[PDB]
Amino acid sequence: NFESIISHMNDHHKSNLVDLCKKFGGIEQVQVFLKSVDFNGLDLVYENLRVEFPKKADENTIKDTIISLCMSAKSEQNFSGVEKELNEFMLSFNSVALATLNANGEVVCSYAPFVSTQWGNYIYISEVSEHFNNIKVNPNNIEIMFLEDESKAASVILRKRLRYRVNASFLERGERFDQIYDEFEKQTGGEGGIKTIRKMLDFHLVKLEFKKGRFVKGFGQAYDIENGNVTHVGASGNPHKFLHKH
Ligand code: HEM
């Protein structure tokens, strides 16, 4: 079963088993081979290093999980096909998590419906909610998070996420409201009481202005955003601290 890849990995690219020790062990210098694999990860030697898989594989997937485990350990960010992946990610949602602050400096964690359009990014919120006055009062101390669903994530310790600091502006109704909200209805498909809250006057559309961003798509895969300024963290070394000690 596995001995065919154990062979192939050991007779070709231990150069990638080398990048592997340096990132799942932190080992800044050695001079490697593969001794066993299973459906939860690898066992290798530089000297035992146990390297886990983001998600448990099976006979059909195991070949690919290992190449993915290797390409991420590669010390070179790929194309900003991460810019493309970041935006594909944002567009899969029509709701977002919010961090807001009230009149007396207490922080609030809430969520709000969200839509990206030609005219910009909006949320739709009611004055009945705490985060409303937190935004009327502190309109540029907000951060929003697009957080991957737990049931879709590799594990609860690796939910993909996209975070922006934002600047919020209140729109009023009429011309654009109907433009934005009809696009919101387009993306969401319309139903669920979405039509009903459109006609609630205690609800408002708020334009969000994205500032500094942060995207995490996997272990060792955190990126920053500014002004086309995608950026891996990160190259100044593995920031974590292992014992290498039992
Ligand atoms: C065994 C490999 C790794 C594992 C299992 C791992 C796991 C994690 C986890 C669970 C977090 C979230 C911590 C939190 O939210 O409090 C995190 C954060 C982070 N890690 Fe790693 N990591 C690994 C390797 C690396 C490497 C190689 C780098 C640098 C290239 C790195 C850089 C970072 C950065 C920059 C963050 C902050 C992300 C954020 O703002 O949420 N990690 N890591």
# chains A, B, ... in the order shown; residues from 1 in each chain; ligands from 1

call {"tool": "residues_around", "arguments": {"residues": "residue A:135", "least_positions_apart": "4", "cutoff": "12 Å", "atoms": "only C-alpha atoms", "output": "compact mmCIF listing (two decimals) with C-alpha atoms, in the first residue's frame"}}
result
# COMPACT_ATOMS: atom_id res chain seq x y z
CA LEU A 98 -18.58 41.69 13.67
CA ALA A 99 -16.48 43.18 16.43
CA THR A 100 -17.99 46.47 17.59
CA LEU A 101 -17.63 48.86 20.55
CA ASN A 102 -20.35 50.74 22.45
CA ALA A 103 -20.59 54.19 24.09
CA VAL A 107 -16.61 45.22 23.02
CA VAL A 108 -19.40 43.30 21.29
CA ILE A 123 -24.47 45.09 5.91
CA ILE A 125 -28.84 45.94 10.63
CA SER A 126 -31.65 47.07 12.97
CA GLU A 127 -31.58 49.68 15.74
CA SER A 129 -29.54 45.39 18.07
CA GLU A 130 -26.61 46.35 20.29
CA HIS A 131 -24.13 46.65 17.40
CA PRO A 139 -18.03 54.08 13.10
CA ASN A 140 -14.33 53.34 12.51
CA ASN A 141 -13.53 50.93 15.29
CA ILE A 142 -14.90 47.80 13.66
CA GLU A 143 -13.44 44.54 12.44
CA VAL A 166 -13.55 48.64 8.26
CA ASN A 167 -15.02 52.11 8.03
CA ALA A 168 -18.81 52.26 8.16
CA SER A 169 -21.18 54.77 6.55
CA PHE A 170 -24.98 54.83 6.82
CA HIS A 204 -30.43 50.31 7.73
CA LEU A 205 -27.81 49.56 5.09
CA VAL A 206 -24.24 50.31 6.12
CA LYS A 207 -21.42 50.64 3.61
CA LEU A 208 -18.20 49.05 4.90

call {"tool": "select_by_dssp", "arguments": {"residues": "stretch 27-179 of chain A", "states": "helix (DSSP H, G or I)", "output": "MDAnalysis selection string"}}
result
chainID A and resid 62:73 81:91 130:137 175:179

call {"tool": "write_last_selection", "arguments": {"atoms": "C-alpha atoms", "output": "JSON list (two decimals), in the first residue's frame"}}
result
[["chain", "number", "residue", "atom", "x", "y", "z"],
["A", 62, "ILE", "CA", -3.96, 10.06, 0.67],
["A", 63, "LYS", "CA", -1.77, 10.61, -2.40],
["A", 64, "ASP", "CA", -3.00, 14.22, -2.75],
["A", 65, "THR", "CA", -3.05, 15.16, 0.94],
["A", 66, "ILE", "CA", 0.67, 14.45, 1.05],
["A", 67, "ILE", "CA", 1.52, 16.63, -1.95],
["A", 68, "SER", "CA", -0.59, 19.41, -0.44],
["A", 69, "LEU", "CA", 1.22, 18.89, 2.87],
["A", 70, "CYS", "CA", 4.48, 19.38, 0.95],
["A", 71, "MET", "CA", 3.63, 22.34, -1.31],
["A", 72, "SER", "CA", 2.55, 24.37, 1.73],
["A", 73, "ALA", "CA", 5.86, 23.64, 3.45],
["A", 81, "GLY", "CA", -4.12, 32.98, -6.98],
["A", 82, "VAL", "CA", -4.56, 33.60, -3.30],
["A", 83, "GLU", "CA", -6.07, 36.98, -4.19],
["A", 84, "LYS", "CA", -8.48, 34.98, -6.34],
["A", 85, "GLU", "CA", -9.03, 32.47, -3.52],
["A", 86, "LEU", "CA", -9.57, 35.20, -0.93],
["A", 87, "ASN", "CA", -12.37, 36.76, -2.99],
["A", 88, "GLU", "CA", -13.99, 33.45, -3.97],
["A", 89, "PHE", "CA", -14.09, 32.93, -0.20],
["A", 90, "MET", "CA", -15.76, 36.26, 0.63],
["A", 91, "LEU", "CA", -18.39, 35.74, -2.09],
["A", 130, "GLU", "CA", -26.61, 46.35, 20.29],
["A", 131, "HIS", "CA", -24.13, 46.65, 17.40],
["A", 132, "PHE", "CA", -26.25, 49.41, 15.84],
["A", 133, "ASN", "CA", -25.40, 52.24, 18.25],
["A", 134, "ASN", "CA", -21.89, 50.81, 18.57],
["A", 135, "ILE", "CA", -21.49, 51.72, 14.90],
["A", 136, "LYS", "CA", -23.38, 55.01, 15.01],
["A", 137, "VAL", "CA", -21.01, 56.05, 17.82],
["A", 175, "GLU", "CA", -32.38, 54.82, -5.53],
["A", 176, "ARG", "CA", -29.36, 52.82, -4.39],
["A", 177, "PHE", "CA", -31.07, 50.99, -1.51],
["A", 178, "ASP", "CA", -33.20, 49.16, -4.07],
["A", 179, "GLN", "CA", -30.12, 48.55, -6.28]]

call {"tool": "atom_distance", "arguments": {"atom1": "atom CA of residue A:197", "atom2": "atom CA of residue A:148"}}
result
25.6 Å

call {"tool": "select_by_dssp", "arguments": {"residues": "stretch 59-201 of chain A", "states": "strand (DSSP E)", "output": "number ranges by chain"}}
result
A: 95-101, 107-117, 120-126, 142-147, 161-170

call {"tool": "closest_residue", "arguments": {"among": "A:2, A:181, A:24, A:114", "to": "ligand 1", "atoms": "only C-alpha atoms and all ligand atoms"}}
result
A:24

call {"tool": "atom_distance", "arguments": {"atom1": "atom CA of residue A:235", "atom2": "atom 17 (C, counted along the ligand's line) of ligand 1"}}
result
14.6 Å

call {"tool": "closest_residue", "arguments": {"among": "A:113, A:165, A:217, A:118", "to": "residue A:194", "atoms": "only C-alpha atoms"}}
result
A:113

call {"tool": "residues_near_ligand", "arguments": {"ligand": "ligand 1", "cutoff": "8 Å", "atoms": "only C-alpha atoms and all ligand atoms", "output": "PyMOL selection string"}}
result
chain A and resi 23-26+51-52+73+157-158+214-216+218-223+232-240

call {"tool": "residues_around", "arguments": {"residues": "residue A:6", "least_positions_apart": "2", "cutoff": "10 Å", "atoms": "only C-alpha atoms", "output": "list in words"}}
result
residues 1, 2, 3, 4, 8, 9, 10, 11, 12, 33, 34, 35, 36, 37 and 42 of chain A

call {"tool": "write_last_selection", "arguments": {"atoms": "N, CA, C and O atoms", "output": "short mmCIF file (atom, residue, chain, number, x, y, z; two decimals), in the first residue's frame"}}
result
data_model
loop_
_atom_site.label_atom_id
_atom_site.label_comp_id
_atom_site.auth_asym_id
_atom_site.auth_seq_id
_atom_site.Cartn_x
_atom_site.Cartn_y
_atom_site.Cartn_z
N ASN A 1 0.81 -1.21 0.00
CA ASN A 1 0.00 0.00 0.00
C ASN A 1 0.85 1.27 0.00
O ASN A 1 1.08 1.88 -1.05
N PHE A 2 1.31 1.66 1.18
CA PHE A 2 2.02 2.92 1.37
C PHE A 2 3.48 2.87 0.91
O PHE A 2 4.06 3.89 0.54
N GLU A 3 4.07 1.68 0.92
CA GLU A 3 5.50 1.51 0.62
C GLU A 3 5.89 2.01 -0.78
O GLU A 3 7.07 2.21 -1.06
N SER A 4 4.90 2.21 -1.64
CA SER A 4 5.16 2.71 -2.99
C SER A 4 5.45 4.21 -3.00
O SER A 4 6.25 4.69 -3.80
N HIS A 8 8.92 6.29 -3.35
CA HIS A 8 8.97 7.44 -4.25
C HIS A 8 9.37 8.73 -3.54
O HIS A 8 10.11 9.54 -4.09
N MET A 9 8.87 8.94 -2.32
CA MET A 9 9.20 10.15 -1.57
C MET A 9 10.67 10.11 -1.15
O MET A 9 11.34 11.14 -1.12
N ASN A 10 11.17 8.92 -0.83
CA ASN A 10 12.55 8.74 -0.38
C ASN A 10 13.62 8.72 -1.48
O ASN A 10 14.79 8.99 -1.22
N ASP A 11 13.22 8.41 -2.71
CA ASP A 11 14.17 8.37 -3.82
C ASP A 11 14.02 9.60 -4.70
O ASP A 11 14.78 9.80 -5.64
N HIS A 12 13.02 10.42 -4.37
CA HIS A 12 12.76 11.66 -5.10
C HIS A 12 12.17 12.69 -4.14
O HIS A 12 11.27 12.39 -3.37
N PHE A 33 14.57 10.99 5.82
CA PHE A 33 13.83 9.99 5.03
C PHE A 33 12.50 9.63 5.69
O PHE A 33 12.25 10.00 6.84
N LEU A 34 11.66 8.91 4.96
CA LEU A 34 10.30 8.60 5.38
C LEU A 34 10.26 7.16 5.88
O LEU A 34 10.73 6.25 5.20
N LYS A 35 9.71 6.94 7.08
CA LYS A 35 9.68 5.58 7.63
C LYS A 35 8.29 4.95 7.77
O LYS A 35 8.18 3.73 7.93
N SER A 36 7.24 5.76 7.71
CA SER A 36 5.89 5.22 7.78
C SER A 36 4.84 6.29 7.51
O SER A 36 5.06 7.48 7.77
N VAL A 37 3.71 5.86 6.97
CA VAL A 37 2.57 6.74 6.78
C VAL A 37 1.29 6.01 7.15
O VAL A 37 1.22 4.78 7.07
N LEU A 42 2.24 11.43 8.74
CA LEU A 42 3.51 10.79 8.45
C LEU A 42 4.35 10.57 9.69
O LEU A 42 4.17 11.24 10.70
#

call {"tool": "residues_around", "arguments": {"residues": "residue A:19", "least_positions_apart": "2", "cutoff": "8 Å", "atoms": "only C-alpha atoms", "output": "VMD selection string"}}
result
chain A and resid 15 to 17 21 to 23 70 73 to 75

call {"tool": "closest_residue", "arguments": {"among": "A:149, A:243, A:231, A:41", "to": "residue A:54", "atoms": "only C-alpha atoms"}}
result
A:41

call {"tool": "closest_residue", "arguments": {"among": "A:211, A:161, A:199, A:245", "to": "residue A:96", "atoms": "only C-alpha atoms"}}
result
A:161

call {"tool": "residues_around", "arguments": {"residues": "residue A:56", "least_positions_apart": "3", "cutoff": "8 Å", "atoms": "only C-alpha atoms", "output": "PyMOL selection string"}}
result
chain A and resi 39-41+53

call {"tool": "atom_distance", "arguments": {"atom1": "atom CA of residue A:213", "atom2": "atom CA of residue A:145"}}
result
9.7 Å

call {"tool": "decode", "arguments": {"residues": "stretch 6-85 of chain A", "atoms": "C-alpha atoms", "output": "compact mmCIF listing (two decimals), in the first residue's frame"}}
result
# COMPACT_ATOMS: atom_id res chain seq x y z
CA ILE A 6 7.46 5.79 0.95
CA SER A 7 9.79 4.62 -1.82
CA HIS A 8 8.97 7.44 -4.25
CA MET A 9 9.20 10.15 -1.57
CA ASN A 10 12.55 8.74 -0.38
CA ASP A 11 14.17 8.37 -3.82
CA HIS A 12 12.76 11.66 -5.10
CA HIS A 13 12.35 14.96 -3.24
CA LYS A 14 13.54 14.45 0.31
CA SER A 15 14.28 18.01 -0.63
CA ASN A 16 10.61 18.38 0.24
CA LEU A 17 10.96 16.18 3.33
CA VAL A 18 13.62 18.70 4.33
CA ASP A 19 11.30 21.71 4.01
CA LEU A 20 8.94 19.50 6.00
CA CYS A 21 11.09 19.05 9.11
CA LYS A 22 11.82 22.78 9.17
CA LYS A 23 8.13 23.60 9.47
CA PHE A 24 6.45 20.87 11.52
CA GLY A 25 9.44 20.64 13.84
CA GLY A 26 11.10 24.04 13.50
CA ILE A 27 14.47 22.39 12.86
CA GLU A 28 16.63 25.16 11.32
CA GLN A 29 19.31 22.70 10.20
CA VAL A 30 19.69 19.00 9.48
CA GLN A 31 20.97 16.79 6.69
CA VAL A 32 16.03 12.92 6.11
CA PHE A 33 13.83 9.99 5.03
CA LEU A 34 10.30 8.60 5.38
CA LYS A 35 9.68 5.58 7.63
CA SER A 36 5.89 5.22 7.78
CA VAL A 37 2.57 6.74 6.78
CA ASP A 38 -1.06 6.22 7.73
CA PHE A 39 -4.37 8.02 7.26
CA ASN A 40 -3.65 10.65 9.92
CA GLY A 41 -0.15 11.64 8.82
CA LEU A 42 3.51 10.79 8.45
CA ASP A 43 6.32 9.46 10.59
CA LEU A 44 9.81 10.52 9.52
CA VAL A 45 13.39 10.86 10.75
CA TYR A 46 16.12 13.53 10.66
CA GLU A 47 15.23 11.80 15.55
CA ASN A 48 11.47 11.18 15.33
CA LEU A 49 9.14 13.75 13.79
CA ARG A 50 5.42 12.96 13.67
CA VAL A 51 3.69 15.07 11.00
CA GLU A 52 -0.11 15.24 11.05
CA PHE A 53 -2.60 15.78 8.22
CA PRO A 54 -5.01 18.78 8.25
CA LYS A 55 -7.80 16.30 7.50
CA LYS A 56 -7.78 12.50 7.74
CA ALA A 57 -7.26 10.89 4.34
CA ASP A 58 -8.37 7.60 2.78
CA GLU A 59 -7.05 5.22 0.10
CA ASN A 60 -8.23 7.58 -2.66
CA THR A 61 -7.19 10.93 -1.16
CA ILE A 62 -3.96 10.06 0.67
CA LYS A 63 -1.77 10.61 -2.40
CA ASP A 64 -3.00 14.22 -2.75
CA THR A 65 -3.05 15.16 0.94
CA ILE A 66 0.67 14.45 1.05
CA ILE A 67 1.52 16.63 -1.95
CA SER A 68 -0.59 19.41 -0.44
CA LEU A 69 1.22 18.89 2.87
CA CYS A 70 4.48 19.38 0.95
CA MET A 71 3.63 22.34 -1.31
CA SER A 72 2.55 24.37 1.73
CA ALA A 73 5.86 23.64 3.45
CA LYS A 74 7.61 24.96 0.34
CA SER A 75 9.22 28.26 1.30
CA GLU A 76 7.72 30.15 -1.64
CA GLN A 77 4.26 31.69 -1.78
CA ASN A 78 2.55 30.78 -5.04
CA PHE A 79 0.88 33.20 -7.43
CA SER A 80 -1.62 35.64 -5.97
CA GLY A 81 -4.12 32.98 -6.98
CA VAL A 82 -4.56 33.60 -3.30
CA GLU A 83 -6.07 36.98 -4.19
CA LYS A 84 -8.48 34.98 -6.34
CA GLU A 85 -9.03 32.47 -3.52
